[PDB]
>>> print(open('run04.txt').read())   # compact mmCIF, C-alpha atoms and all ligand atoms
# COMPACT_ATOMS: atom_id res chain seq x y z
CA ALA A 1 0.00 0.00 0.00
CA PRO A 2 1.00 3.68 -0.35
CA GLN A 3 2.90 4.60 2.81
CA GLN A 4 0.69 7.63 3.48
CA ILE A 5 -2.35 5.32 3.72
CA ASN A 6 -0.55 2.70 5.81
CA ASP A 7 0.65 5.36 8.24
CA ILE A 8 -2.57 7.36 8.72
CA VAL A 9 -4.65 4.19 9.17
CA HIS A 10 -2.33 2.52 11.70
CA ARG A 11 -1.74 5.74 13.63
CA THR A 12 -5.49 6.48 13.86
CA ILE A 13 -6.97 3.00 14.43
CA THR A 14 -4.39 1.50 16.82
CA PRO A 15 -5.13 3.93 19.70
CA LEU A 16 -8.87 3.72 18.87
CA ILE A 17 -8.76 -0.05 19.46
CA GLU A 18 -6.91 0.56 22.74
CA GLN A 19 -9.25 3.34 24.00
CA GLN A 20 -12.40 1.41 23.11
CA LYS A 21 -11.22 -2.11 24.05
CA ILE A 22 -12.26 -3.44 20.63
CA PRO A 23 -11.46 -7.19 20.25
CA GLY A 24 -11.21 -7.20 16.44
CA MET A 25 -11.39 -4.68 13.60
CA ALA A 26 -11.20 -4.51 9.81
CA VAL A 27 -10.70 -1.33 7.80
CA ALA A 28 -10.77 -0.62 4.09
CA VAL A 29 -9.65 2.62 2.52
CA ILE A 30 -10.65 3.35 -1.06
CA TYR A 31 -8.10 5.72 -2.55
CA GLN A 32 -8.34 6.85 -6.18
CA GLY A 33 -10.92 4.07 -6.60
CA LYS A 34 -8.67 1.22 -5.39
CA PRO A 35 -9.12 -0.61 -2.06
CA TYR A 36 -6.56 -1.16 0.72
CA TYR A 37 -7.16 -3.50 3.65
CA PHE A 38 -6.08 -3.55 7.29
CA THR A 39 -7.02 -5.94 10.12
CA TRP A 40 -6.43 -6.14 13.88
CA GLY A 41 -7.16 -8.56 16.70
CA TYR A 42 -9.68 -11.36 16.96
CA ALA A 43 -12.91 -12.49 15.33
CA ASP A 44 -13.23 -15.13 18.07
CA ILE A 45 -11.34 -14.59 21.33
CA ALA A 46 -12.01 -18.04 22.84
CA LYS A 47 -10.90 -19.88 19.68
CA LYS A 48 -8.11 -17.38 18.87
CA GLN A 49 -9.38 -16.76 15.33
CA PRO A 50 -7.85 -13.60 13.86
CA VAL A 51 -9.78 -10.97 11.92
CA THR A 52 -9.12 -11.48 8.19
CA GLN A 53 -10.38 -10.02 4.91
CA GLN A 54 -12.91 -12.89 4.87
CA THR A 55 -14.29 -12.27 8.38
CA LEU A 56 -18.04 -11.60 8.50
CA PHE A 57 -19.22 -8.69 10.65
CA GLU A 58 -22.76 -7.62 11.54
CA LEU A 59 -23.36 -4.29 9.75
CA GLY A 60 -26.31 -3.31 11.94
CA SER A 61 -27.88 -0.12 10.60
CA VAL A 62 -25.40 0.10 7.68
CA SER A 63 -27.84 -2.53 6.31
CA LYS A 64 -30.23 0.36 5.56
CA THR A 65 -27.99 1.49 2.68
CA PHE A 66 -28.67 -1.85 0.95
CA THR A 67 -32.41 -1.42 1.62
CA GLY A 68 -32.28 2.12 0.17
CA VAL A 69 -30.53 0.92 -3.00
CA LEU A 70 -32.87 -2.08 -3.41
CA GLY A 71 -35.81 0.33 -3.10
CA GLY A 72 -34.18 2.64 -5.64
CA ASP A 73 -33.77 -0.33 -7.99
CA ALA A 74 -37.51 -1.08 -7.59
CA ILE A 75 -38.36 2.52 -8.55
CA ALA A 76 -36.08 2.28 -11.61
CA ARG A 77 -37.83 -0.98 -12.59
CA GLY A 78 -41.19 0.86 -12.42
CA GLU A 79 -42.46 -1.49 -9.70
CA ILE A 80 -43.02 1.19 -7.05
CA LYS A 81 -43.09 4.97 -6.76
CA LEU A 82 -41.87 6.79 -3.62
CA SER A 83 -44.82 9.15 -4.07
CA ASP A 84 -47.24 6.21 -3.67
CA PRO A 85 -49.40 5.90 -0.52
CA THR A 86 -48.30 3.14 1.87
CA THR A 87 -51.83 1.70 1.48
CA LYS A 88 -51.35 1.04 -2.26
CA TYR A 89 -48.97 -1.81 -1.39
CA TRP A 90 -50.69 -2.78 1.87
CA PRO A 91 -54.48 -2.44 1.24
CA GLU A 92 -55.28 -3.91 4.66
CA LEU A 93 -53.72 -0.82 6.33
CA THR A 94 -57.13 0.86 6.56
CA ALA A 95 -56.60 3.04 9.66
CA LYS A 96 -57.13 6.76 9.03
CA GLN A 97 -53.70 7.97 10.18
CA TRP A 98 -52.16 6.24 7.16
CA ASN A 99 -53.84 8.70 4.75
CA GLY A 100 -51.00 10.81 3.32
CA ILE A 101 -48.13 8.60 4.49
CA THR A 102 -46.10 7.66 1.41
CA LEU A 103 -43.25 5.24 0.74
CA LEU A 104 -40.94 8.28 0.77
CA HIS A 105 -41.97 9.02 4.36
CA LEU A 106 -41.25 5.43 5.45
CA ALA A 107 -37.86 5.36 3.69
CA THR A 108 -36.69 8.62 5.30
CA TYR A 109 -38.04 8.37 8.91
CA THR A 110 -40.52 11.20 8.26
CA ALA A 111 -43.85 9.33 8.62
CA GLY A 112 -44.68 11.16 11.86
CA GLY A 113 -42.88 9.32 14.66
CA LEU A 114 -42.83 5.58 13.98
CA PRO A 115 -41.07 3.90 16.90
CA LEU A 116 -37.44 2.81 16.98
CA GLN A 117 -38.13 -0.95 17.09
CA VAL A 118 -40.90 -3.31 15.97
CA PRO A 119 -41.79 -4.89 19.35
CA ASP A 120 -40.26 -8.33 20.06
CA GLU A 121 -43.82 -9.61 20.62
CA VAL A 122 -44.60 -9.21 16.90
CA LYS A 123 -44.17 -12.68 15.36
CA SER A 124 -46.82 -13.12 12.63
CA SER A 125 -47.98 -11.03 9.67
CA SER A 126 -51.26 -10.47 11.58
CA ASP A 127 -49.23 -9.19 14.56
CA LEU A 128 -47.38 -6.82 12.21
CA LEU A 129 -50.61 -5.48 10.70
CA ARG A 130 -52.03 -4.81 14.19
CA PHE A 131 -48.85 -2.98 15.21
CA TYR A 132 -48.98 -0.54 12.27
CA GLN A 133 -52.78 -0.17 12.39
CA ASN A 134 -52.61 0.74 16.08
CA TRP A 135 -49.67 3.15 15.88
CA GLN A 136 -50.61 6.80 16.55
CA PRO A 137 -48.44 9.49 14.87
CA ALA A 138 -47.03 12.38 16.90
CA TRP A 139 -46.71 14.68 13.87
CA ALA A 140 -48.17 15.19 10.40
CA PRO A 141 -46.21 13.29 7.72
CA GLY A 142 -43.13 14.99 6.23
CA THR A 143 -42.57 17.46 9.08
CA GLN A 144 -40.12 15.71 11.43
CA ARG A 145 -37.37 13.11 11.18
CA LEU A 146 -37.17 10.47 13.90
CA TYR A 147 -34.84 7.53 13.23
CA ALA A 148 -36.82 4.29 13.22
CA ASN A 149 -36.21 0.67 12.23
CA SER A 150 -40.00 0.23 12.05
CA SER A 151 -40.09 2.93 9.35
CA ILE A 152 -37.46 1.84 6.81
CA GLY A 153 -38.20 -1.80 7.74
CA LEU A 154 -41.73 -1.41 6.42
CA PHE A 155 -40.41 0.45 3.35
CA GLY A 156 -38.18 -2.55 2.58
CA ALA A 157 -40.98 -5.10 2.97
CA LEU A 158 -43.37 -3.10 0.78
CA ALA A 159 -40.83 -2.15 -1.91
CA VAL A 160 -40.37 -5.82 -2.88
CA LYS A 161 -44.08 -6.80 -2.87
CA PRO A 162 -44.73 -6.11 -6.60
CA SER A 163 -41.72 -8.29 -7.53
CA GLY A 164 -43.33 -11.30 -5.83
CA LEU A 165 -39.90 -11.98 -4.32
CA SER A 166 -39.14 -12.20 -0.62
CA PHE A 167 -36.93 -9.39 0.69
CA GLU A 168 -33.95 -11.76 0.93
CA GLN A 169 -34.51 -13.19 -2.58
CA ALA A 170 -34.78 -9.68 -4.05
CA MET A 171 -31.67 -8.40 -2.26
CA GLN A 172 -29.63 -11.42 -3.37
CA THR A 173 -30.70 -11.44 -7.05
CA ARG A 174 -30.94 -7.68 -7.66
CA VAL A 175 -28.13 -6.19 -5.53
CA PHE A 176 -25.65 -8.74 -4.09
CA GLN A 177 -25.29 -10.94 -7.21
CA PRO A 178 -24.88 -8.15 -9.86
CA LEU A 179 -22.29 -6.36 -7.69
CA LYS A 180 -20.48 -9.65 -6.99
CA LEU A 181 -20.91 -9.32 -3.23
CA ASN A 182 -20.56 -13.07 -2.81
CA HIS A 183 -19.73 -12.95 0.91
CA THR A 184 -22.61 -10.70 1.97
CA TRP A 185 -25.60 -12.31 3.69
CA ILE A 186 -28.97 -11.62 5.30
CA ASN A 187 -28.85 -15.10 6.86
CA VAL A 188 -25.34 -16.48 7.39
CA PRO A 189 -25.22 -19.91 5.71
CA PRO A 190 -23.60 -22.91 7.48
CA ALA A 191 -20.81 -22.80 4.85
CA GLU A 192 -19.77 -19.38 6.19
CA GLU A 193 -20.09 -20.04 9.94
CA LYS A 194 -16.32 -20.45 10.37
CA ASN A 195 -15.82 -16.87 9.07
CA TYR A 196 -18.59 -15.32 11.20
CA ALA A 197 -17.04 -13.14 13.92
CA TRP A 198 -18.51 -13.11 17.40
CA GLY A 199 -19.72 -9.77 18.69
CA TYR A 200 -18.74 -8.81 22.22
CA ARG A 201 -20.99 -7.13 24.76
CA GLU A 202 -19.83 -6.86 28.39
CA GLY A 203 -17.22 -9.54 27.61
CA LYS A 204 -19.80 -12.01 26.27
CA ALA A 205 -19.85 -13.44 22.74
CA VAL A 206 -23.17 -12.54 21.07
CA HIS A 207 -24.88 -12.61 17.68
CA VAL A 208 -27.85 -10.48 16.60
CA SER A 209 -31.26 -11.89 17.62
CA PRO A 210 -34.00 -12.50 15.01
CA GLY A 211 -36.86 -9.98 14.90
CA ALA A 212 -39.68 -8.75 12.66
CA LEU A 213 -38.34 -6.77 9.67
CA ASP A 214 -34.75 -7.42 10.85
CA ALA A 215 -33.41 -8.10 7.34
CA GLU A 216 -34.62 -4.74 6.01
CA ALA A 217 -33.28 -2.71 8.91
CA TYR A 218 -30.17 -4.21 10.50
CA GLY A 219 -29.83 -7.73 9.12
CA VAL A 220 -26.88 -7.78 6.73
CA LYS A 221 -23.55 -9.44 7.50
CA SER A 222 -20.53 -8.79 5.27
CA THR A 223 -16.75 -8.97 4.88
CA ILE A 224 -14.39 -6.02 4.57
CA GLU A 225 -13.72 -6.93 0.89
CA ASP A 226 -17.42 -6.92 0.03
CA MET A 227 -17.99 -3.64 1.88
CA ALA A 228 -15.08 -2.09 -0.03
CA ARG A 229 -16.78 -3.25 -3.27
CA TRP A 230 -20.08 -1.72 -2.01
CA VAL A 231 -18.31 1.62 -1.44
CA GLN A 232 -16.72 1.41 -4.91
CA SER A 233 -20.19 0.83 -6.42
CA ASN A 234 -21.63 3.83 -4.58
CA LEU A 235 -18.64 6.07 -5.44
CA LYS A 236 -18.95 5.41 -9.17
CA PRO A 237 -22.44 4.11 -10.09
CA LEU A 238 -21.97 4.69 -13.84
CA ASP A 239 -19.44 1.82 -13.96
CA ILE A 240 -22.30 -0.56 -13.03
CA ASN A 241 -23.74 -2.41 -16.04
CA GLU A 242 -27.25 -3.16 -14.71
CA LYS A 243 -29.16 0.02 -15.58
CA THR A 244 -31.84 -0.18 -12.88
CA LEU A 245 -29.19 -0.80 -10.20
CA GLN A 246 -27.12 2.17 -11.42
CA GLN A 247 -30.27 4.35 -11.20
CA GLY A 248 -31.14 2.85 -7.80
CA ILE A 249 -27.78 3.89 -6.36
CA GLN A 250 -28.26 7.43 -7.70
CA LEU A 251 -31.77 7.61 -6.17
CA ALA A 252 -30.48 6.42 -2.78
CA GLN A 253 -27.97 9.30 -2.72
CA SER A 254 -30.51 11.97 -3.69
CA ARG A 255 -31.32 14.63 -1.08
CA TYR A 256 -34.94 14.43 0.10
CA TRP A 257 -34.92 16.34 3.39
CA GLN A 258 -32.63 18.74 5.21
CA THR A 259 -31.95 19.13 8.92
CA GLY A 260 -29.21 21.65 9.73
CA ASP A 261 -26.20 20.63 7.59
CA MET A 262 -27.46 17.08 7.04
CA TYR A 263 -29.43 15.67 4.10
CA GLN A 264 -31.49 12.47 4.26
CA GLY A 265 -31.11 9.99 1.39
CA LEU A 266 -32.55 6.50 1.10
CA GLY A 267 -30.51 4.78 3.81
CA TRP A 268 -27.50 6.99 3.03
CA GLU A 269 -27.07 10.35 4.73
CA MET A 270 -25.12 13.27 3.21
CA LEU A 271 -23.39 16.58 3.99
CA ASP A 272 -21.89 19.06 1.52
CA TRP A 273 -18.13 18.64 1.05
CA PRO A 274 -15.95 20.31 2.40
CA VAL A 275 -17.40 19.28 5.76
CA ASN A 276 -17.07 20.95 9.12
CA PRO A 277 -16.93 17.72 11.15
CA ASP A 278 -18.20 19.39 14.36
CA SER A 279 -21.90 18.61 13.79
CA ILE A 280 -21.23 14.92 13.08
CA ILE A 281 -18.80 14.51 16.02
CA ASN A 282 -19.98 16.81 18.84
CA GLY A 283 -23.15 18.47 17.62
CA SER A 284 -26.69 17.83 16.46
CA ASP A 285 -25.83 15.03 14.01
CA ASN A 286 -23.46 12.96 16.21
CA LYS A 287 -26.10 10.22 16.60
CA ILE A 288 -25.83 9.87 20.41
CA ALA A 289 -29.41 10.94 21.16
CA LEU A 290 -32.61 9.67 19.56
CA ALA A 291 -33.60 13.07 18.20
CA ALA A 292 -36.86 14.39 16.75
CA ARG A 293 -35.79 17.08 14.27
CA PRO A 294 -37.99 19.30 12.07
CA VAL A 295 -37.07 18.82 8.38
CA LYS A 296 -37.32 21.06 5.32
CA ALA A 297 -38.55 19.29 2.18
CA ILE A 298 -36.20 19.39 -0.81
CA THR A 299 -38.71 19.94 -3.61
CA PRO A 300 -37.85 18.23 -5.73
CA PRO A 301 -34.92 16.13 -4.44
CA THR A 302 -31.48 17.21 -5.63
CA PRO A 303 -29.81 14.42 -7.66
CA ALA A 304 -26.72 12.78 -6.14
CA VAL A 305 -24.22 15.58 -5.42
CA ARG A 306 -20.62 14.54 -6.25
CA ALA A 307 -19.10 16.93 -3.68
CA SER A 308 -20.70 15.22 -0.67
CA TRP A 309 -19.60 13.41 2.45
CA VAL A 310 -21.90 10.37 2.16
CA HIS A 311 -22.10 8.15 5.25
CA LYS A 312 -23.95 5.70 7.48
CA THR A 313 -23.24 4.43 10.98
CA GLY A 314 -24.44 1.08 12.33
CA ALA A 315 -24.47 -1.08 15.42
CA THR A 316 -25.81 -4.30 16.85
CA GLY A 317 -25.53 -5.49 20.47
CA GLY A 318 -22.03 -6.76 19.74
CA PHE A 319 -20.81 -4.87 16.64
CA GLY A 320 -20.09 -1.31 15.45
CA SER A 321 -19.73 -0.22 11.82
CA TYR A 322 -19.17 2.96 9.79
CA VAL A 323 -18.98 3.77 6.08
CA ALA A 324 -18.15 7.15 4.52
CA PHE A 325 -17.16 8.25 1.02
CA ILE A 326 -16.66 11.36 -1.11
CA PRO A 327 -17.66 10.77 -4.77
CA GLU A 328 -15.75 13.85 -6.05
CA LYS A 329 -12.47 12.57 -4.63
CA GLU A 330 -12.87 8.84 -5.37
CA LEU A 331 -12.23 8.34 -1.66
CA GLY A 332 -13.89 6.17 0.99
CA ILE A 333 -13.54 4.21 4.23
CA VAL A 334 -15.21 1.21 5.87
CA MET A 335 -14.69 0.43 9.57
CA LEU A 336 -16.01 -2.87 10.97
CA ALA A 337 -15.61 -3.85 14.65
CA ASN A 338 -16.92 -6.68 16.85
CA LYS A 339 -17.79 -4.36 19.72
CA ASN A 340 -20.37 -1.58 19.78
CA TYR A 341 -18.58 1.67 20.66
CA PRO A 342 -19.74 5.32 20.52
CA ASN A 343 -20.50 6.78 17.08
CA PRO A 344 -18.52 10.03 17.67
CA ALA A 345 -15.30 7.99 18.11
CA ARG A 346 -15.98 6.18 14.83
CA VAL A 347 -16.63 9.43 12.92
CA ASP A 348 -13.57 11.13 14.50
CA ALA A 349 -11.31 8.33 13.20
CA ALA A 350 -12.90 8.27 9.73
CA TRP A 351 -12.55 12.05 9.40
CA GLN A 352 -8.91 11.99 10.54
CA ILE A 353 -8.06 9.36 7.90
CA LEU A 354 -10.01 10.79 4.95
CA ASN A 355 -9.07 14.42 5.63
CA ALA A 356 -5.38 13.45 5.56
CA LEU A 357 -5.82 11.66 2.22
CA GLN A 358 -8.15 14.13 0.48
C1 LIG B 1 -30.87 6.22 23.09
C2 LIG B 1 -31.33 5.32 21.98
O1 LIG B 1 -31.96 4.31 22.21
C3 LIG B 1 -31.01 5.68 20.55
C4 LIG B 1 -31.48 4.87 19.51
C5 LIG B 1 -31.20 5.18 18.19
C6 LIG B 1 -30.45 6.32 17.90
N1 LIG B 1 -30.16 6.66 16.57
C7 LIG B 1 -30.88 7.74 15.92
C8 LIG B 1 -30.26 7.68 14.52
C9 LIG B 1 -29.81 9.05 14.07
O2 LIG B 1 -30.20 10.06 14.70
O3 LIG B 1 -29.08 9.13 13.06
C10 LIG B 1 -29.10 6.68 14.52
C11 LIG B 1 -29.22 6.03 15.88
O4 LIG B 1 -28.54 5.08 16.25
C12 LIG B 1 -29.98 7.14 18.92
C13 LIG B 1 -30.26 6.82 20.25
>>> encode(input="run04.txt", output="structure tokens")
Amino acid sequence: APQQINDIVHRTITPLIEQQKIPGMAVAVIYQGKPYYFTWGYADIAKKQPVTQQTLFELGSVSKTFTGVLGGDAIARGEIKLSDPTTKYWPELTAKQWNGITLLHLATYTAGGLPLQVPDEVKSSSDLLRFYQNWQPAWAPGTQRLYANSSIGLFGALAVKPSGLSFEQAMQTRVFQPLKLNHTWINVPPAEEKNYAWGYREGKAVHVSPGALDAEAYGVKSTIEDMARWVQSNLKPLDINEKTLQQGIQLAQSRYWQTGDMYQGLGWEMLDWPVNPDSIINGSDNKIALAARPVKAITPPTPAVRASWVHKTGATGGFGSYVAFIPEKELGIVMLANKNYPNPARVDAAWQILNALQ
């Protein structure tokens, strides 16, 4: 690797691992479109398995970027429209409060205060219908952003309905396969078990628990190589041969809403580059609090802006992940760890690395 990359990565990540007591970590830096890999520590402490380029990590909420792109692909295929009422694709959602709530609102956490989690008690499709029927919005649709797995989760489930495919089937055939993400999974197959890192929470080895709409929201597991490829695809969508997928990526990076300096995409989130990193490290967009923020509609959405800091953070009980890239500069980073640690620390490291290389 170029020595500048080697040096900035090792000098930034090594103390991060110390400070945060992270058992294992993988990092990819995309520089001038080409990936460079770095690993530390252990995928499995008890069995002394090292982190490698083939180690599978739980992406947690970084999964939403895949959901956003799959949804974008569905729009490009003419199967759904983001302007469509939720009830067009779920006719049994007859409750009044659903009047005026569109697929756009679900995809961007702006439906009017859908809760963070689908309750663990929801097990059947009937249970799921009752949950959404009984939910009472705090705000009119398209006025406030409140991060919610129940929001984008429902978007994901509904987006695939016209295809007749299950969410998994659609993600595999329309996103993973075409992009050659052959070590990226919604359900980790037995063949890949040996590569699946354990997450660590309070010293215990843990994997993510199953839940309703888990696949759509926080269900993807992937290697550092595959995540690098994902970043490459998002940095330069025009190099992708499948036309609906290329368009899907572009739609996911469009700017639909603004809060402060932040713009909400489909899964992806964006800030204008050059970035003042204060808001994403210390301020209103540092992701520590669950925050209800008034949004200003971008009418219509600005197409993918090349000079953007495009990013998503993610966690599960036992994992922490971060992805950021700057299309203009052909530059990106992926950070995967098998311990959940604070988002501001993750963003601080990513900024330090990318700012040095930009
Ligand atoms: C305290 C808490 O449960 C909590 C849950 C989710 C979040 N959010 C809100 C999201 C965001 O604001 O970007 C991301 C994220 O993890 C923040 C706090």
>>> residues_around(input="run04.txt", residues="residue 333 in chain A", least_positions_apart="3", cutoff="10 Å", atoms="only C-alpha atoms", output="ChimeraX atom specification")
/A:27-31,35-36,227-228,231,311,322-326,350-351,353-354
>>> closest_residue(input="run04.txt", among="A:338, A:308, A:182, A:150", to="ligand LIG 1 (chain B)", atoms="all atoms listed in the file")
A:150
>>> closest_residue(input="run04.txt", among="A:65, A:253, A:316, A:110", to="residue 209 in chain A", atoms="all atoms listed in the file")
A:316
>>> closest_residue(input="run04.txt", among="A:204, A:296, A:88, A:64", to="ligand LIG 1 (chain B)", atoms="only C-alpha atoms and all ligand atoms")
A:64
>>> closest_residue(input="run04.txt", among="A:206, A:103, A:146, A:159", to="residue 73 in chain A", atoms="all atoms listed in the file")
A:159
>>> closest_atom_pairs(input="run04.txt", of="chain A", to="ligand LIG 1 (chain B)", cutoff="12 Å", atoms="all atoms listed in the file", output="tab-separated table")
residue	atom	partner	partner_atom	distance
A:60	CA	B:LIG1	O4	9.7
A:61	CA	B:LIG1	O4	7.7
A:62	CA	B:LIG1	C10	10.2
A:64	CA	B:LIG1	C10	11.0
A:108	CA	B:LIG1	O3	10.9
A:109	CA	B:LIG1	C8	9.6
A:115	CA	B:LIG1	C4	10.0
A:116	CA	B:LIG1	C5	6.8
A:117	CA	B:LIG1	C4	9.2
A:144	CA	B:LIG1	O2	11.9
A:145	CA	B:LIG1	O2	8.5
A:146	CA	B:LIG1	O2	7.0
A:147	CA	B:LIG1	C8	4.8
A:148	CA	B:LIG1	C7	7.4
A:149	CA	B:LIG1	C5	9.0
A:150	CA	B:LIG1	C5	11.8
A:217	CA	B:LIG1	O4	11.7
A:218	CA	B:LIG1	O4	11.0
A:259	CA	B:LIG1	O2	10.9
A:262	CA	B:LIG1	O3	10.1
A:263	CA	B:LIG1	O3	11.1
A:264	CA	B:LIG1	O3	9.7
A:265	CA	B:LIG1	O3	11.9
A:267	CA	B:LIG1	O3	10.3
A:268	CA	B:LIG1	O3	10.4
A:269	CA	B:LIG1	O3	8.7
A:270	CA	B:LIG1	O3	11.4
A:279	CA	B:LIG1	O3	11.9
A:280	CA	B:LIG1	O3	9.8
A:281	CA	B:LIG1	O3	12.0
A:283	CA	B:LIG1	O2	11.4
A:284	CA	B:LIG1	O2	8.7
A:285	CA	B:LIG1	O2	6.7
A:286	CA	B:LIG1	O2	7.5
A:287	CA	B:LIG1	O2	4.5
A:288	CA	B:LIG1	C12	5.2
A:289	CA	B:LIG1	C13	4.3
A:290	CA	B:LIG1	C12	3.7
A:291	CA	B:LIG1	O2	5.7
A:292	CA	B:LIG1	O2	8.2
A:293	CA	B:LIG1	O2	9.0
A:311	CA	B:LIG1	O3	10.5
A:312	CA	B:LIG1	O3	8.3
A:313	CA	B:LIG1	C10	7.2
A:314	CA	B:LIG1	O4	6.9
A:315	CA	B:LIG1	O4	7.4
A:316	CA	B:LIG1	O4	9.8
A:317	CA	B:LIG1	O4	11.8
A:320	CA	B:LIG1	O4	10.6
A:321	CA	B:LIG1	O4	11.2
A:322	CA	B:LIG1	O4	11.6
A:340	CA	B:LIG1	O4	11.1
A:341	CA	B:LIG1	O4	11.4
A:342	CA	B:LIG1	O4	9.8
A:343	CA	B:LIG1	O4	8.3
A:344	CA	B:LIG1	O4	11.3
>>> closest_residue(input="run04.txt", among="A:357, A:181, A:82, A:224", to="residue 38 in chain A", atoms="only C-alpha atoms")
A:224
>>> closest_residue(input="run04.txt", among="A:202, A:193, A:127, A:278", to="residue 339 in chain A", atoms="only C-alpha atoms")
A:202
>>> residues_around(input="run04.txt", residues="residue 78 in chain A", least_positions_apart="5", cutoff="10 Å", atoms="all atoms listed in the file", output="list in words")
residues 72, 73, 162 and 244 of chain A
>>> axis_aligned_box(input="run04.txt", around="range 135-152 of chain A", padding_each_side="6 Å", output="JSON")
{"center_x": -42.7, "center_y": 8.8, "center_z": 11.6, "size_x": 27.8, "size_y": 29.2, "size_z": 22.7}
>>> atom_distance(input="run04.txt", atom1="CA of residue 41 in chain A", atom2="CA of residue 197 in chain A")
11.2 Å
>>> atom_distance(input="run04.txt", atom1="CA of residue 251 in chain A", atom2="CA of residue 185 in chain A")
23.1 Å
>>> atom_distance(input="run04.txt", atom1="CA of residue 337 in chain A", atom2="CA of residue 230 in chain A")
17.4 Å
>>> residues_around(input="run04.txt", residues="range 297-305 of chain A", least_positions_apart="3", cutoff="9 Å", atoms="only C-alpha atoms", output="list in words")
residues 142, 143, 249, 250, 251, 252, 253, 254, 255, 256, 257, 258, 270, 272, 308, 327 and 328 of chain A
>>> residues_around(input="run04.txt", residues="residue 153 in chain A", least_positions_apart="5", cutoff="9 Å", atoms="all atoms listed in the file", output="VMD selection string")
chain A and resid 64 67 106 to 107 118 148 158 212 to 218
>>> build_atoms(input="run04.txt", residues="range 179-190 of chain A", atoms="N, CA and C atoms", output="short mmCIF file (atom, residue, chain, number, x, y, z; two decimals), in the frame of the given file")
data_model
loop_
_atom_site.label_atom_id
_atom_site.label_comp_id
_atom_site.auth_asym_id
_atom_site.auth_seq_id
_atom_site.Cartn_x
_atom_site.Cartn_y
_atom_site.Cartn_z
N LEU A 179 -23.47 -7.07 -8.18
CA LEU A 179 -22.29 -6.36 -7.69
C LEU A 179 -21.19 -7.30 -7.22
N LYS A 180 -21.43 -8.60 -7.37
CA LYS A 180 -20.48 -9.65 -6.99
C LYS A 180 -20.09 -9.57 -5.51
N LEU A 181 -21.09 -9.28 -4.67
CA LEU A 181 -20.91 -9.32 -3.23
C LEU A 181 -21.27 -10.73 -2.78
N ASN A 182 -20.33 -11.65 -3.00
CA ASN A 182 -20.56 -13.07 -2.81
C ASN A 182 -20.33 -13.56 -1.38
N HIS A 183 -19.92 -12.64 -0.50
CA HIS A 183 -19.73 -12.95 0.91
C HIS A 183 -20.49 -11.95 1.78
N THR A 184 -21.69 -11.62 1.30
CA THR A 184 -22.61 -10.70 1.97
C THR A 184 -23.94 -11.42 2.12
N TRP A 185 -24.47 -11.45 3.34
CA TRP A 185 -25.60 -12.31 3.69
C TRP A 185 -26.65 -11.62 4.55
N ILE A 186 -27.91 -11.99 4.36
CA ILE A 186 -28.97 -11.62 5.30
C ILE A 186 -29.09 -12.71 6.38
N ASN A 187 -29.00 -13.97 5.95
CA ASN A 187 -28.85 -15.10 6.86
C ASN A 187 -27.53 -15.80 6.57
N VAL A 188 -26.66 -15.87 7.57
CA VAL A 188 -25.34 -16.48 7.39
C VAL A 188 -25.50 -17.99 7.17
N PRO A 189 -25.07 -18.48 5.99
CA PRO A 189 -25.22 -19.91 5.71
C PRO A 189 -24.22 -20.75 6.50
N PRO A 190 -24.55 -22.02 6.81
CA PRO A 190 -23.60 -22.91 7.48
C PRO A 190 -22.19 -22.94 6.87
#
